Amino acid sequence: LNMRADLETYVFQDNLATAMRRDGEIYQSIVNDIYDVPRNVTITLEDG
Amino acid sequence: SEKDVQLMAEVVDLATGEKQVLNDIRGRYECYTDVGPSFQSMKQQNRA
């Protein structure tokens, strides 16, 4: 319970010191229009 | 009403915010009261 509690204060500390924290997996970045406009039945760019 | 689809931003629990929030149906019951082992994610329950 304390290890999970130290985790709540880990993230909100570390991310300020280290900076960063725009991370995930695979594609989420680069090519045409911004953010997550799709939504069904569209594949290959024009938001991208 | 039910009975429609729109993959990516499907509704599973999301409700209308109307013109002012804190609105909800009186049907807050859709289940029976039953308990079991602790699970703190949907994927944890799926393992068992």
# chains A, B, ... in the order shown; residues from 1 in each chain; ligands from 1
$ closest_atom_pairs --of "chain B" --to "chain A" --cutoff "8 Å" --atoms "only C-alpha atoms" --output "Markdown table"
| residue | atom | partner | partner_atom | distance |
| --- | --- | --- | --- | --- |
| B:6 | CA | A:40 | CA | 6.2 |
| B:7 | CA | A:40 | CA | 5.2 |
| B:8 | CA | A:39 | CA | 5.1 |
| B:9 | CA | A:39 | CA | 6.9 |
$ atom_distance --atom1 "atom CA of residue A:35" --atom2 "atom CA of residue A:22"
13.6 Å
$ residues_around --residues "residue A:34" --least-positions-apart "3" --cutoff "10 Å" --atoms "only C-alpha atoms" --output "short mmCIF file (atom, residue, chain, number, x, y, z; two decimals) with C-alpha atoms, in the first residue's frame"
data_model
loop_
_atom_site.label_atom_id
_atom_site.label_comp_id
_atom_site.auth_asym_id
_atom_site.auth_seq_id
_atom_site.Cartn_x
_atom_site.Cartn_y
_atom_site.Cartn_z
CA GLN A 28 1.02 9.29 -32.62
CA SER A 29 3.17 11.95 -34.21
CA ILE A 30 4.01 13.69 -37.51
CA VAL A 31 2.21 14.25 -40.87
CA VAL A 37 -9.96 13.36 -35.44
CA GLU A 46 -5.49 13.58 -44.08
CA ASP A 47 -5.13 13.89 -40.34
CA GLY A 48 -2.30 11.43 -39.98
#
$ atom_distance --atom1 "atom CA of residue A:19" --atom2 "atom CA of residue A:36"
24.0 Å
$ atom_distance --atom1 "atom CA of residue B:42" --atom2 "atom CA of residue B:22"
26.0 Å
$ select_by_dssp --residues "chain B" --states "alpha helix (DSSP H)" --output "list in words"
residues 42, 43, 44, 45, 46 and 47 of chain B
